[PDB]
Amino acid sequence: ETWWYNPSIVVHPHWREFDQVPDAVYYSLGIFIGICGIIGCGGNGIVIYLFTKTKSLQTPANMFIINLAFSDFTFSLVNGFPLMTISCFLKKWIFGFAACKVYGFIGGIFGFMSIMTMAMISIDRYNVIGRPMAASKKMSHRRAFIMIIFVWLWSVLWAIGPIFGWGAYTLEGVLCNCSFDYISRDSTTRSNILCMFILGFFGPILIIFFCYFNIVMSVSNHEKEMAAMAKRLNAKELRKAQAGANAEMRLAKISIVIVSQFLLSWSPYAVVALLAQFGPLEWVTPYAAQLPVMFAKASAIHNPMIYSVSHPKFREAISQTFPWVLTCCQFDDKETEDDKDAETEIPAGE
Ligand SMILES: CCCCCCCCCCCCCCCCCCCCCC
Ligand SMILES: *C/C=C(C)/C=C/C=C(C)/C=C/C1=C(C)CCCC1(C)C
Ligand SMILES: CCCCCCCCO[C@@H]1O[C@H](CO)[C@@H](O)[C@H](O)[C@H]1O
């Protein structure tokens, strides 16, 4: 007697009043997310593969990048094909309630994980760039490792709530994927939602700003200091130190872009969410929630691409392993020069 009938999950009444979006929409959605899965898993596999095998990229900090890639790989995997894609092509979620929970639970856990991982990357950047050259700190495997343990502890904490009643993962949009329940306005769900948002999200965002705004408010602190030591009897060997800071600033610059990618990726959705939980639910329509979530899912597939066009060592690696990828973004040795000077160690001060 209806088109949203799911014998496994109880569809919130809100999604039931609307009319079924057109077949083309379902087919496109599936095809769309199915490509997020391919590019997402491919691109992140490529970054994990290269970052773990290439000795040039073998630095403690990079572990965070590995962690971010494993996070996005999984997101793209579980969230694209087959769970959602297949659902779409049938215009129905057919994998049951447990699959739904797992689906939504994985979705949030790694979403939180990627920003909190980016947080750690923002903190690393602050050590080697935000502080002065005199006290610059490089990430140590020990530090890094504990840091990713925080990331995993954390992420799971703010996404597991619904698994235990404190909130709930269920069907949303055109009913072919799952997420957290942002409609149901009771106490339990509202605190979890406020929690997910404030701790899972606003949380690492502060870390991010505090670190970058701290790296900008030290650009000059370093600009002056670079000269003080410059004329401080520092020979041609000064050039070395200079390329290194250029090197790091390049990675620091990268950080912000992948983070920017994230925000611009999740904010839309986050917003439509809160509207439904606090504002005009008549606003939160099929496409009002759907499309902005799609855009949110594809987020886990941009990092690999940002690296492929802005990471020298990594781009070097691709050129040497899957060069057919860097076609439209051809690699050149000159892109690795700054790392040469920075690493080349002057013997006995020459
Ligand atoms: C399940 C059936 C899939 C049919 C796909 C037909 C598509 C042709 C695609 C060729 C795909 C190569 C994908 C692996 C490469 C990962 C791309 C990610 C971009 C990474 C940039 C560093
Ligand atoms: C297909 C999408 C799924 C399974 C999404 C689940 C998402 C969450 C539990 C989202 C949490 C958030 C972030 C990771 C960042 C932005 C803000 C939130 C609170 C919406
Ligand atoms: C894009 C996210 C940036 C991740 C920061 C990785 C930090 C690795 O930065 C690396 O530090 C090494 C010394 O520890 C330097 O020798 C490398 O040139 C530099 O790329």
# chains A, B, ... in the order shown; residues from 1 in each chain; ligands from 1
call {"tool": "residues_near_ligand", "arguments": {"ligand": "ligand 2", "cutoff": "7 Å", "atoms": "only C-alpha atoms and all ligand atoms", "output": "NGL selection string"}}
result
:A and (79 or 103-109 or 111-112 or 159 or 177-180 or 193 or 196-197 or 200-201 or 266-267 or 269-270 or 293 or 297)
call {"tool": "write_last_selection", "arguments": {"atoms": "N, CA, C and O atoms", "output": "mmCIF file, in the first residue's frame"}}
result
data_model
loop_
_atom_site.group_PDB
_atom_site.id
_atom_site.type_symbol
_atom_site.label_atom_id
_atom_site.label_comp_id
_atom_site.auth_asym_id
_atom_site.auth_seq_id
_atom_site.Cartn_x
_atom_site.Cartn_y
_atom_site.Cartn_z
ATOM 1 N N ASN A 79 30.377 2.346 2.579
ATOM 2 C CA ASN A 79 29.322 3.265 2.203
ATOM 3 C C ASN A 79 28.879 3.323 0.756
ATOM 4 O O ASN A 79 27.812 3.856 0.461
ATOM 5 N N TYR A 103 26.313 -0.030 8.825
ATOM 6 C CA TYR A 103 26.507 0.954 7.773
ATOM 7 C C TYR A 103 26.648 2.364 8.348
ATOM 8 O O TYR A 103 27.627 3.068 8.072
ATOM 9 N N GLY A 104 25.651 2.772 9.128
ATOM 10 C CA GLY A 104 25.662 4.092 9.738
ATOM 11 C C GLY A 104 26.767 4.269 10.764
ATOM 12 O O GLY A 104 27.338 5.359 10.894
ATOM 13 N N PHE A 105 27.068 3.194 11.495
ATOM 14 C CA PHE A 105 28.099 3.195 12.537
ATOM 15 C C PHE A 105 29.503 3.350 11.951
ATOM 16 O O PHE A 105 30.375 4.004 12.539
ATOM 17 N N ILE A 106 29.712 2.734 10.791
ATOM 18 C CA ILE A 106 31.002 2.805 10.114
ATOM 19 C C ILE A 106 31.090 4.198 9.525
ATOM 20 O O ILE A 106 32.129 4.848 9.577
ATOM 21 N N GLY A 107 29.970 4.646 8.969
ATOM 22 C CA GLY A 107 29.908 5.957 8.353
ATOM 23 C C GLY A 107 30.364 7.086 9.259
ATOM 24 O O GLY A 107 31.171 7.933 8.861
ATOM 25 N N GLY A 108 29.838 7.098 10.479
ATOM 26 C CA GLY A 108 30.197 8.129 11.432
ATOM 27 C C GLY A 108 31.580 7.971 12.047
ATOM 28 O O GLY A 108 32.328 8.946 12.192
ATOM 29 N N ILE A 109 31.922 6.732 12.404
ATOM 30 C CA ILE A 109 33.210 6.414 13.027
ATOM 31 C C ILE A 109 34.421 6.900 12.218
ATOM 32 O O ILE A 109 35.373 7.455 12.776
ATOM 33 N N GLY A 111 34.135 9.100 9.630
ATOM 34 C CA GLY A 111 33.939 10.498 9.302
ATOM 35 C C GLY A 111 34.685 11.252 10.399
ATOM 36 O O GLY A 111 35.549 12.086 10.128
ATOM 37 N N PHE A 112 34.355 10.930 11.650
ATOM 38 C CA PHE A 112 34.994 11.553 12.808
ATOM 39 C C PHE A 112 36.485 11.282 12.777
ATOM 40 O O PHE A 112 37.301 12.135 13.135
ATOM 41 N N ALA A 159 30.612 7.676 17.873
ATOM 42 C CA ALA A 159 29.806 7.096 16.806
ATOM 43 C C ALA A 159 29.048 5.857 17.287
ATOM 44 O O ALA A 159 28.079 5.427 16.664
ATOM 45 N N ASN A 177 20.218 4.059 2.232
ATOM 46 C CA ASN A 177 21.467 4.120 2.940
ATOM 47 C C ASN A 177 21.047 4.501 4.320
ATOM 48 O O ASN A 177 19.881 4.843 4.534
ATOM 49 N N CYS A 178 21.965 4.415 5.272
ATOM 50 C CA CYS A 178 21.623 4.754 6.634
ATOM 51 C C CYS A 178 22.535 5.840 7.186
ATOM 52 O O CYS A 178 23.564 6.166 6.580
ATOM 53 N N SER A 179 22.110 6.402 8.316
ATOM 54 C CA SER A 179 22.837 7.438 9.062
ATOM 55 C C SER A 179 22.256 7.493 10.475
ATOM 56 O O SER A 179 21.491 6.620 10.878
ATOM 57 N N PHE A 180 22.621 8.536 11.223
ATOM 58 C CA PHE A 180 22.135 8.740 12.585
ATOM 59 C C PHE A 180 20.736 9.361 12.518
ATOM 60 O O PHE A 180 20.385 9.989 11.516
ATOM 61 N N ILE A 193 23.080 13.656 19.470
ATOM 62 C CA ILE A 193 23.314 14.505 18.313
ATOM 63 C C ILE A 193 24.172 15.696 18.736
ATOM 64 O O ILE A 193 25.206 15.987 18.120
ATOM 65 N N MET A 196 27.614 14.168 19.200
ATOM 66 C CA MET A 196 28.293 13.820 17.959
ATOM 67 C C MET A 196 28.892 15.098 17.380
ATOM 68 O O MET A 196 30.098 15.186 17.150
ATOM 69 N N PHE A 197 28.037 16.109 17.193
ATOM 70 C CA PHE A 197 28.422 17.411 16.642
ATOM 71 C C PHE A 197 29.516 18.135 17.422
ATOM 72 O O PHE A 197 30.618 18.382 16.942
ATOM 73 N N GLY A 200 32.512 15.108 18.363
ATOM 74 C CA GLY A 200 33.022 14.457 17.174
ATOM 75 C C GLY A 200 33.490 15.441 16.137
ATOM 76 O O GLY A 200 34.565 15.286 15.540
ATOM 77 N N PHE A 201 32.693 16.484 15.958
ATOM 78 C CA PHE A 201 32.978 17.481 14.948
ATOM 79 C C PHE A 201 33.627 18.785 15.409
ATOM 80 O O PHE A 201 34.801 19.032 15.094
ATOM 81 N N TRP A 266 31.266 17.994 4.544
ATOM 82 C CA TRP A 266 30.294 17.610 5.560
ATOM 83 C C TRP A 266 29.334 18.696 6.043
ATOM 84 O O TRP A 266 28.192 18.390 6.419
ATOM 85 N N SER A 267 29.781 19.948 6.026
ATOM 86 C CA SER A 267 28.948 21.060 6.498
ATOM 87 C C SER A 267 27.540 21.066 5.903
ATOM 88 O O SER A 267 26.553 21.132 6.641
ATOM 89 N N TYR A 269 25.572 18.762 4.753
ATOM 90 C CA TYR A 269 24.821 17.712 5.430
ATOM 91 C C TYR A 269 24.563 18.030 6.899
ATOM 92 O O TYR A 269 23.430 18.032 7.357
ATOM 93 N N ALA A 270 25.641 18.309 7.636
ATOM 94 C CA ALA A 270 25.526 18.653 9.045
ATOM 95 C C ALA A 270 24.377 19.636 9.223
ATOM 96 O O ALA A 270 23.512 19.463 10.080
ATOM 97 N N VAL A 293 24.060 14.693 1.317
ATOM 98 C CA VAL A 293 24.749 13.585 2.009
ATOM 99 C C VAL A 293 25.710 12.902 1.049
ATOM 100 O O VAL A 293 26.788 12.465 1.443
ATOM 101 N N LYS A 297 29.573 11.981 1.401
ATOM 102 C CA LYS A 297 30.205 10.684 1.262
ATOM 103 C C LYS A 297 31.442 10.767 0.366
ATOM 104 O O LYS A 297 32.498 10.262 0.733
#
call {"tool": "closest_atom_pairs", "arguments": {"of": "segment 107-214 of chain A", "to": "segment 1-14 of chain A", "cutoff": "12 Å", "atoms": "only C-alpha atoms", "output": "CSV"}}
result
residue,atom,partner,partner_atom,distance
A:168,CA,A:12,CA,11.4
A:169,CA,A:9,CA,10.1
A:170,CA,A:9,CA,7.1
A:171,CA,A:11,CA,6.3
A:172,CA,A:11,CA,7.9
A:173,CA,A:14,CA,9.9
A:174,CA,A:4,CA,8.2
A:175,CA,A:4,CA,7.1
A:176,CA,A:4,CA,9.9
A:177,CA,A:9,CA,11.3
A:178,CA,A:9,CA,10.1
A:180,CA,A:12,CA,11.9
A:181,CA,A:12,CA,9.0
A:182,CA,A:12,CA,10.5
A:183,CA,A:12,CA,8.1
A:184,CA,A:12,CA,8.2
A:185,CA,A:12,CA,11.8
call {"tool": "closest_atom_pairs", "arguments": {"of": "chain A", "to": "ligand 3", "cutoff": "9 Å", "atoms": "only C-alpha atoms and all ligand atoms", "output": "Markdown table"}}
result
| residue | atom | partner | partner_atom_place_in_ligand_line | distance |
| --- | --- | --- | --- | --- |
| A:56 | CA | ligand 3 | 17 (C) | 8.0 |
| A:57 | CA | ligand 3 | 20 (O) | 7.2 |
| A:58 | CA | ligand 3 | 8 (C) | 8.4 |
| A:59 | CA | ligand 3 | 14 (O) | 5.6 |
| A:60 | CA | ligand 3 | 14 (O) | 7.0 |
| A:61 | CA | ligand 3 | 6 (C) | 4.7 |
| A:62 | CA | ligand 3 | 6 (C) | 4.6 |
| A:63 | CA | ligand 3 | 6 (C) | 8.1 |
| A:64 | CA | ligand 3 | 4 (C) | 7.2 |
| A:65 | CA | ligand 3 | 4 (C) | 6.3 |
| A:118 | CA | ligand 3 | 2 (C) | 8.1 |
| A:121 | CA | ligand 3 | 4 (C) | 6.0 |
| A:122 | CA | ligand 3 | 2 (C) | 8.2 |
| A:124 | CA | ligand 3 | 5 (C) | 6.9 |
| A:125 | CA | ligand 3 | 5 (C) | 6.7 |
| A:128 | CA | ligand 3 | 14 (O) | 8.4 |
| A:137 | CA | ligand 3 | 14 (O) | 8.9 |
| A:138 | CA | ligand 3 | 14 (O) | 5.4 |
| A:139 | CA | ligand 3 | 14 (O) | 6.6 |
| A:140 | CA | ligand 3 | 14 (O) | 8.4 |
| A:244 | CA | ligand 3 | 18 (O) | 6.8 |
| A:247 | CA | ligand 3 | 18 (O) | 5.7 |
| A:248 | CA | ligand 3 | 19 (C) | 5.7 |
| A:250 | CA | ligand 3 | 1 (C) | 8.0 |
| A:251 | CA | ligand 3 | 3 (C) | 4.4 |
| A:252 | CA | ligand 3 | 3 (C) | 5.9 |
| A:253 | CA | ligand 3 | 1 (C) | 7.7 |
| A:254 | CA | ligand 3 | 1 (C) | 5.0 |
| A:255 | CA | ligand 3 | 1 (C) | 4.9 |
| A:256 | CA | ligand 3 | 1 (C) | 8.6 |
| A:258 | CA | ligand 3 | 1 (C) | 8.2 |
| A:307 | CA | ligand 3 | 1 (C) | 7.5 |
| A:311 | CA | ligand 3 | 1 (C) | 7.5 |
| A:312 | CA | ligand 3 | 20 (O) | 8.5 |
| A:313 | CA | ligand 3 | 20 (O) | 7.4 |
| A:338 | CA | ligand 3 | 18 (O) | 8.1 |
| A:339 | CA | ligand 3 | 18 (O) | 5.3 |
| A:340 | CA | ligand 3 | 18 (O) | 8.6 |
| A:342 | CA | ligand 3 | 16 (O) | 7.0 |
| A:343 | CA | ligand 3 | 16 (O) | 6.1 |
call {"tool": "write_last_selection", "arguments": {"atoms": "C-alpha atoms", "output": "PDB file, in the first residue's frame"}}
result
ATOM      1  CA  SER A  56      61.182   8.400   1.265  1.00  0.00           C
ATOM      2  CA  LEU A  57      57.724   8.733   2.812  1.00  0.00           C
ATOM      3  CA  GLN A  58      58.629   6.580   5.872  1.00  0.00           C
ATOM      4  CA  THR A  59      58.397   9.380   8.519  1.00  0.00           C
ATOM      5  CA  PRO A  60      56.411   9.094  11.863  1.00  0.00           C
ATOM      6  CA  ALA A  61      53.994  11.861  10.903  1.00  0.00           C
ATOM      7  CA  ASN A  62      53.063  10.159   7.597  1.00  0.00           C
ATOM      8  CA  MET A  63      51.564   7.406   9.794  1.00  0.00           C
ATOM      9  CA  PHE A  64      48.704   9.834  10.325  1.00  0.00           C
ATOM     10  CA  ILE A  65      48.221  10.050   6.572  1.00  0.00           C
ATOM     11  CA  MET A 118      43.593  15.654  10.318  1.00  0.00           C
ATOM     12  CA  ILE A 121      48.300  16.257  11.276  1.00  0.00           C
ATOM     13  CA  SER A 122      47.532  19.853  12.271  1.00  0.00           C
ATOM     14  CA  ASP A 124      52.328  17.794  13.828  1.00  0.00           C
ATOM     15  CA  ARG A 125      52.443  20.808  11.511  1.00  0.00           C
ATOM     16  CA  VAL A 128      57.622  21.568  13.014  1.00  0.00           C
ATOM     17  CA  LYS A 137      59.646  19.202  17.217  1.00  0.00           C
ATOM     18  CA  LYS A 138      59.532  16.274  14.768  1.00  0.00           C
ATOM     19  CA  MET A 139      56.921  13.521  15.228  1.00  0.00           C
ATOM     20  CA  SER A 140      58.192  10.311  16.830  1.00  0.00           C
ATOM     21  CA  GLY A 244      63.315  22.359   4.672  1.00  0.00           C
ATOM     22  CA  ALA A 247      59.254  21.628   2.310  1.00  0.00           C
ATOM     23  CA  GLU A 248      57.223  21.542   5.533  1.00  0.00           C
ATOM     24  CA  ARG A 250      54.147  22.711   1.534  1.00  0.00           C
ATOM     25  CA  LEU A 251      52.845  19.796   3.547  1.00  0.00           C
ATOM     26  CA  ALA A 252      51.296  22.220   6.037  1.00  0.00           C
ATOM     27  CA  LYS A 253      49.580  23.933   3.127  1.00  0.00           C
ATOM     28  CA  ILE A 254      48.357  20.531   1.952  1.00  0.00           C
ATOM     29  CA  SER A 255      46.860  19.797   5.400  1.00  0.00           C
ATOM     30  CA  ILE A 256      44.600  22.824   5.175  1.00  0.00           C
ATOM     31  CA  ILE A 258      42.271  18.316   2.698  1.00  0.00           C
ATOM     32  CA  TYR A 307      48.097  14.439  -2.852  1.00  0.00           C
ATOM     33  CA  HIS A 311      52.710  16.090  -2.962  1.00  0.00           C
ATOM     34  CA  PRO A 312      56.217  15.880  -4.369  1.00  0.00           C
ATOM     35  CA  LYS A 313      57.594  12.713  -2.765  1.00  0.00           C
ATOM     36  CA  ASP A 338      63.528  21.202  -1.891  1.00  0.00           C
ATOM     37  CA  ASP A 339      63.606  17.813  -0.154  1.00  0.00           C
ATOM     38  CA  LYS A 340      67.119  17.216  -1.501  1.00  0.00           C
ATOM     39  CA  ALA A 342      66.613  19.851   3.259  1.00  0.00           C
ATOM     40  CA  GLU A 343      67.837  16.278   3.755  1.00  0.00           C
TER      41      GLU A 343
END
call {"tool": "closest_residue", "arguments": {"among": "A:261, A:78, A:132, A:51", "to": "residue 226 of chain A", "atoms": "only C-alpha atoms"}}
result
A:132
call {"tool": "residues_near_ligand", "arguments": {"ligand": "ligand 1", "cutoff": "10 Å", "atoms": "only C-alpha atoms and all ligand atoms", "output": "number ranges by chain"}}
result
A: 34-47, 81-82, 301-309, 314-315, 318, 322-326
call {"tool": "write_last_selection", "arguments": {"atoms": "N, CA and C atoms", "output": "JSON list (two decimals), in the first residue's frame"}}
result
[["chain", "number", "residue", "atom", "x", "y", "z"],
["A", 34, "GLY", "N", 28.65, 4.28, -6.31],
["A", 34, "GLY", "CA", 29.45, 3.16, -6.77],
["A", 34, "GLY", "C", 30.81, 3.65, -7.26],
["A", 35, "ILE", "N", 30.85, 4.86, -7.81],
["A", 35, "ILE", "CA", 32.11, 5.43, -8.30],
["A", 35, "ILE", "C", 32.88, 6.02, -7.12],
["A", 36, "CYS", "N", 32.17, 6.37, -6.06],
["A", 36, "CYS", "CA", 32.87, 6.90, -4.90],
["A", 36, "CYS", "C", 33.68, 5.72, -4.35],
["A", 37, "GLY", "N", 33.05, 4.55, -4.37],
["A", 37, "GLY", "CA", 33.69, 3.34, -3.88],
["A", 37, "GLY", "C", 34.95, 2.98, -4.63],
["A", 38, "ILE", "N", 34.87, 3.01, -5.96],
["A", 38, "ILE", "CA", 36.02, 2.69, -6.81],
["A", 38, "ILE", "C", 37.15, 3.68, -6.58],
["A", 39, "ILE", "N", 36.91, 4.95, -6.93],
["A", 39, "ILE", "CA", 37.90, 6.02, -6.77],
["A", 39, "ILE", "C", 38.34, 6.14, -5.31],
["A", 40, "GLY", "N", 37.39, 5.96, -4.39],
["A", 40, "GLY", "CA", 37.70, 6.05, -2.97],
["A", 40, "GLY", "C", 38.66, 4.97, -2.48],
["A", 41, "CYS", "N", 38.34, 3.72, -2.82],
["A", 41, "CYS", "CA", 39.16, 2.59, -2.41],
["A", 41, "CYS", "C", 40.44, 2.52, -3.22],
["A", 42, "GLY", "N", 40.33, 2.82, -4.51],
["A", 42, "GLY", "CA", 41.50, 2.80, -5.36],
["A", 42, "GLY", "C", 42.52, 3.81, -4.87],
["A", 43, "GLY", "N", 42.09, 5.07, -4.86],
["A", 43, "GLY", "CA", 42.94, 6.18, -4.43],
["A", 43, "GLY", "C", 43.54, 6.04, -3.05],
["A", 44, "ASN", "N", 42.78, 5.48, -2.11],
["A", 44, "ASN", "CA", 43.30, 5.31, -0.76],
["A", 44, "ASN", "C", 44.19, 4.09, -0.63],
["A", 45, "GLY", "N", 43.98, 3.12, -1.51],
["A", 45, "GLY", "CA", 44.80, 1.92, -1.47],
["A", 45, "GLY", "C", 46.15, 2.34, -1.99],
["A", 46, "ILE", "N", 46.12, 3.18, -3.02],
["A", 46, "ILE", "CA", 47.31, 3.69, -3.67],
["A", 46, "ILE", "C", 48.19, 4.52, -2.71],
["A", 47, "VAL", "N", 47.55, 5.23, -1.79],
["A", 47, "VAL", "CA", 48.26, 6.07, -0.81],
["A", 47, "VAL", "C", 48.81, 5.23, 0.35],
["A", 81, "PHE", "N", 29.59, 0.62, -2.61],
["A", 81, "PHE", "CA", 29.18, -0.70, -3.09],
["A", 81, "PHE", "C", 29.58, -1.74, -2.04],
["A", 82, "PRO", "N", 28.72, -2.75, -1.78],
["A", 82, "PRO", "CA", 27.38, -3.01, -2.32],
["A", 82, "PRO", "C", 26.20, -2.45, -1.53],
["A", 301, "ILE", "N", 37.18, 10.56, -0.74],
["A", 301, "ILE", "CA", 37.90, 10.20, -1.96],
["A", 301, "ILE", "C", 38.69, 11.35, -2.54],
["A", 302, "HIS", "N", 38.72, 12.49, -1.85],
["A", 302, "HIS", "CA", 39.44, 13.65, -2.38],
["A", 302, "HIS", "C", 40.88, 13.66, -1.95],
["A", 303, "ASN", "N", 41.14, 13.35, -0.68],
["A", 303, "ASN", "CA", 42.51, 13.33, -0.18],
["A", 303, "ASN", "C", 43.51, 12.75, -1.20],
["A", 304, "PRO", "N", 43.32, 11.48, -1.62],
["A", 304, "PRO", "CA", 44.24, 10.87, -2.58],
["A", 304, "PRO", "C", 44.52, 11.72, -3.82],
["A", 305, "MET", "N", 43.51, 12.43, -4.30],
["A", 305, "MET", "CA", 43.64, 13.28, -5.48],
["A", 305, "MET", "C", 44.42, 14.57, -5.17],
["A", 306, "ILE", "N", 44.16, 15.18, -4.00],
["A", 306, "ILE", "CA", 44.88, 16.38, -3.58],
["A", 306, "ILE", "C", 46.38, 16.07, -3.47],
["A", 307, "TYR", "N", 46.71, 14.87, -3.00],
["A", 307, "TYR", "CA", 48.10, 14.44, -2.85],
["A", 307, "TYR", "C", 48.76, 14.28, -4.21],
["A", 308, "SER", "N", 48.04, 13.64, -5.13],
["A", 308, "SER", "CA", 48.54, 13.36, -6.47],
["A", 308, "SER", "C", 48.87, 14.59, -7.30],
["A", 309, "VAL", "N", 48.45, 15.76, -6.85],
["A", 309, "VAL", "CA", 48.73, 16.99, -7.60],
["A", 309, "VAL", "C", 49.48, 18.00, -6.77],
["A", 314, "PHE", "N", 55.31, 11.91, -2.76],
["A", 314, "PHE", "CA", 54.24, 11.00, -3.10],
["A", 314, "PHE", "C", 54.05, 10.94, -4.60],
["A", 315, "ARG", "N", 54.10, 12.08, -5.27],
["A", 315, "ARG", "CA", 53.92, 12.12, -6.71],
["A", 315, "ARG", "C", 55.08, 11.44, -7.41],
["A", 318, "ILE", "N", 54.36, 7.73, -7.24],
["A", 318, "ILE", "CA", 53.37, 7.29, -8.23],
["A", 318, "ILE", "C", 54.06, 7.12, -9.57],
["A", 322, "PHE", "N", 52.78, 3.62, -10.48],
["A", 322, "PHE", "CA", 51.54, 3.58, -11.27],
["A", 322, "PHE", "C", 51.51, 4.84, -12.13],
["A", 323, "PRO", "N", 52.68, 5.27, -12.64],
["A", 323, "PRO", "CA", 52.79, 6.47, -13.47],
["A", 323, "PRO", "C", 51.65, 6.77, -14.42],
["A", 324, "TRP", "N", 50.90, 5.75, -14.82],
["A", 324, "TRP", "CA", 49.80, 6.00, -15.74],
["A", 324, "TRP", "C", 48.72, 6.89, -15.12],
["A", 325, "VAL", "N", 48.83, 7.12, -13.81],
["A", 325, "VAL", "CA", 47.87, 7.94, -13.08],
["A", 325, "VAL", "C", 48.20, 9.44, -13.17],
["A", 326, "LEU", "N", 49.49, 9.76, -13.05],
["A", 326, "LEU", "CA", 49.96, 11.15, -13.12],
["A", 326, "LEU", "C", 50.05, 11.68, -14.54]]
call {"tool": "atom_distance", "arguments": {"atom1": "atom CA of residue 29 of chain A", "atom2": "atom CA of residue 271 of chain A"}}
result
20.8 Å
call {"tool": "select_by_dssp", "arguments": {"residues": "segment 36-200 of chain A", "states": "alpha helix (DSSP H)", "output": "PyMOL selection string"}}
result
chain A and resi 36-53+62-79+83-90+96-125+141-160+187-195
call {"tool": "write_last_selection", "arguments": {"atoms": "C-alpha atoms", "output": "CSV table (one decimal), in the first residue's frame"}}
result
chain,number,residue,atom,x,y,z
A,36,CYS,CA,32.9,6.9,-4.9
A,37,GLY,CA,33.7,3.3,-3.9
A,38,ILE,CA,36.0,2.7,-6.8
A,39,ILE,CA,37.9,6.0,-6.8
A,40,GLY,CA,37.7,6.0,-3.0
A,41,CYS,CA,39.2,2.6,-2.4
A,42,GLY,CA,41.5,2.8,-5.4
A,43,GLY,CA,42.9,6.2,-4.4
A,44,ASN,CA,43.3,5.3,-0.8
A,45,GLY,CA,44.8,1.9,-1.5
A,46,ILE,CA,47.3,3.7,-3.7
A,47,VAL,CA,48.3,6.1,-0.8
A,48,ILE,CA,48.5,3.3,1.8
A,49,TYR,CA,50.5,1.1,-0.6
A,50,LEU,CA,53.0,3.8,-1.5
A,51,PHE,CA,53.2,5.5,1.9
A,52,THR,CA,54.0,2.2,3.6
A,53,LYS,CA,56.4,0.9,0.9
A,62,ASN,CA,53.1,10.2,7.6
A,63,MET,CA,51.6,7.4,9.8
A,64,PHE,CA,48.7,9.8,10.3
A,65,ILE,CA,48.2,10.1,6.6
A,66,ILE,CA,48.2,6.3,6.4
A,67,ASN,CA,45.5,6.3,9.1
A,68,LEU,CA,43.5,8.9,7.2
A,69,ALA,CA,43.7,6.8,4.1
A,70,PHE,CA,42.7,3.6,5.9
A,71,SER,CA,39.8,5.6,7.3
A,72,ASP,CA,38.6,6.9,3.9
A,73,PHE,CA,39.2,3.6,2.2
A,74,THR,CA,36.8,1.9,4.6
A,75,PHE,CA,34.3,4.7,4.4
A,76,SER,CA,34.2,4.5,0.6
A,77,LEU,CA,34.1,0.7,0.8
A,78,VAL,CA,31.2,0.2,3.3
A,79,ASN,CA,29.3,3.3,2.2
A,83,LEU,CA,25.3,-1.8,0.6
A,84,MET,CA,24.0,1.5,-1.0
A,85,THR,CA,24.6,1.0,-4.7
A,86,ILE,CA,22.6,-2.3,-4.8
A,87,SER,CA,20.0,-0.8,-2.5
A,88,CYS,CA,19.5,2.0,-5.0
A,89,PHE,CA,19.3,-0.2,-8.1
A,90,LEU,CA,16.4,-2.0,-6.3
A,96,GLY,CA,18.4,-5.6,7.0
A,97,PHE,CA,18.5,-3.6,10.2
A,98,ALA,CA,21.9,-4.9,11.4
A,99,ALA,CA,23.5,-4.0,8.1
A,100,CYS,CA,22.0,-0.6,8.4
A,101,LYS,CA,23.4,0.0,11.9
A,102,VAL,CA,26.8,-1.3,10.8
A,103,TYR,CA,26.5,1.0,7.8
A,104,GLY,CA,25.7,4.1,9.7
A,105,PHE,CA,28.1,3.2,12.5
A,106,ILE,CA,31.0,2.8,10.1
A,107,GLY,CA,29.9,6.0,8.4
A,108,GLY,CA,30.2,8.1,11.4
A,109,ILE,CA,33.2,6.4,13.0
A,110,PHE,CA,35.5,7.1,10.1
A,111,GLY,CA,33.9,10.5,9.3
A,112,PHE,CA,35.0,11.6,12.8
A,113,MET,CA,38.2,9.6,12.3
A,114,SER,CA,39.3,11.5,9.3
A,115,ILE,CA,38.9,15.0,10.9
A,116,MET,CA,40.5,13.9,14.2
A,117,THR,CA,43.3,12.3,12.1
A,118,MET,CA,43.6,15.7,10.3
A,119,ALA,CA,43.7,17.2,13.8
A,120,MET,CA,46.8,15.1,14.6
A,121,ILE,CA,48.3,16.3,11.3
A,122,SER,CA,47.5,19.9,12.3
A,123,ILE,CA,49.3,19.3,15.6
A,124,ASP,CA,52.3,17.8,13.8
A,125,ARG,CA,52.4,20.8,11.5
A,141,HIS,CA,56.7,6.9,16.2
A,142,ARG,CA,55.9,6.7,19.9
A,143,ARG,CA,54.1,10.0,19.9
A,144,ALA,CA,52.4,9.4,16.6
A,145,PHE,CA,51.2,5.9,17.6
A,146,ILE,CA,49.7,7.0,20.8
A,147,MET,CA,48.0,9.8,18.9
A,148,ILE,CA,46.3,7.4,16.5
A,149,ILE,CA,45.2,5.4,19.5
A,150,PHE,CA,43.4,8.5,20.7
A,151,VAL,CA,41.9,8.9,17.3
A,152,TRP,CA,40.5,5.4,17.3
A,153,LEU,CA,39.3,5.6,20.9
A,154,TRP,CA,37.7,8.9,20.3
A,155,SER,CA,36.0,8.2,16.9
A,156,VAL,CA,34.4,5.0,18.2
A,157,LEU,CA,33.1,6.7,21.3
A,158,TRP,CA,31.2,9.4,19.4
A,159,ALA,CA,29.8,7.1,16.8
A,160,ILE,CA,28.9,4.1,18.9
A,187,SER,CA,16.1,13.9,24.9
A,188,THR,CA,18.3,10.8,24.4
A,189,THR,CA,18.7,11.4,20.7
A,190,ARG,CA,19.1,15.2,21.1
A,191,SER,CA,22.0,14.9,23.5
A,192,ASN,CA,23.7,12.3,21.4
A,193,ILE,CA,23.3,14.5,18.3
A,194,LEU,CA,24.6,17.5,20.2
A,195,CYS,CA,27.4,15.2,21.4
call {"tool": "atom_distance", "arguments": {"atom1": "atom CA of residue 241 of chain A", "atom2": "atom CA of residue 331 of chain A"}}
result
24.7 Å
call {"tool": "atom_distance", "arguments": {"atom1": "atom CA of residue 55 of chain A", "atom2": "atom CA of residue 238 of chain A"}}
result
26.1 Å
call {"tool": "closest_residue", "arguments": {"among": "A:207, A:198, A:239, A:161", "to": "residue 344 of chain A", "atoms": "only C-alpha atoms"}}
result
A:239
